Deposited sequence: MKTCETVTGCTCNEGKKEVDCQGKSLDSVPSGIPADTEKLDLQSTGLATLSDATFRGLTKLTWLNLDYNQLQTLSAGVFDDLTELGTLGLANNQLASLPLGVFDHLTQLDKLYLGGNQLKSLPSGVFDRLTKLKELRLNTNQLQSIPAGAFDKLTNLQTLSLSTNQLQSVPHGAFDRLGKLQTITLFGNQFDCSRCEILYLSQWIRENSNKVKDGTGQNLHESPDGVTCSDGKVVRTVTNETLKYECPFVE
């Protein structure tokens, strides 16, 4: 294993740890019974539908700090037991439709630090047990209506440092177990009626808004978002 992969293999932990080792591609020879695969900081730039073939026991995959721009659409399809997927700090420009659909047992999904401008509509729909979703430090221009509706288990949602001007009406209403949300570093437009959903939400959920920092969520114009009411907008909504 250790000679075939170039990485450290620990059979007792069902772990293949390549962290910090230069790779031109994910190595061959990963045992089919592997549970934990550490590919962080390996310099990976592409993955294929073949890369993780047969890793039906894998629970933890860390692809953080690589140079991925594009994911093949079937890249994670065999990884049905996956619980943690680290994809933070790559150069992801988009996510293909259905990319996470097989990961139904996923608990944490790290997507922060990429180049995402958009998300496909039902991209998170199958992740019904997800507890953490990190989307901070991308370039998100909007969130699809319903994006989070199936995430009834969600405890943490990070949306800070994006390009968001609004959130869709009712974006967070299904998130009954939510504990932490981040929303700073956006450019919310407090002149548009769309803001009223978010201002009322922040007022009713201030304890959940974190840097706790509800007043840190501010309009592109300087107003603190939770201060904005239809009266602010001259009753025009």
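- Gaps without C-alpha coordinates occur at 1-3, 215-221, 248-251, with positions taken along the deposited sequence from 1.
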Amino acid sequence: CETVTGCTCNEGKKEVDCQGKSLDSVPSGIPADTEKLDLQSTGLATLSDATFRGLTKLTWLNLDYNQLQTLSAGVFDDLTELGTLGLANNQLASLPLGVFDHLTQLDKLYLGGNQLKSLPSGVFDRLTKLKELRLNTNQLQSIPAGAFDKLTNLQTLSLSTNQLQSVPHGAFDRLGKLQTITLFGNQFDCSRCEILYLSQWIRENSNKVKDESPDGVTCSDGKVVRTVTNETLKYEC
From here on, numbers count along this sequence of modelled residues.
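- Taking only CA atoms, the mean B-factor in the PDB entry is higher for 215-223 than for the other of 215-223 and 11-19.
- Higher average CA B factor: 71-79, of the stretches 102-110 and 71-79.
- If you compare the C-alpha temperature factors of 182, 62, 34, 51 in the entry, 51 comes out highest.
- Of all the options 87, 135, 95, 130, the entry's greatest CA B-factor is assigned to 95.
- Among all modelled residues in its chain, residue 39 ranks in the lowest third by Cα B-factor.
- In the deposited entry, the Cα temperature factor of residue 164 sits in the middle third of values across the chain's modelled residues.
- Sort the modelled residues of the chain by CA B factor and residue 158 lands in the lowest third.
- Sort the chain's modelled residues by C-alpha temperature factor and residue 123 lands in the lowest third, per the entry.
- Sort the chain's modelled residues by C-alpha temperature factor and residue 195 lands in the middle third, per the entry.
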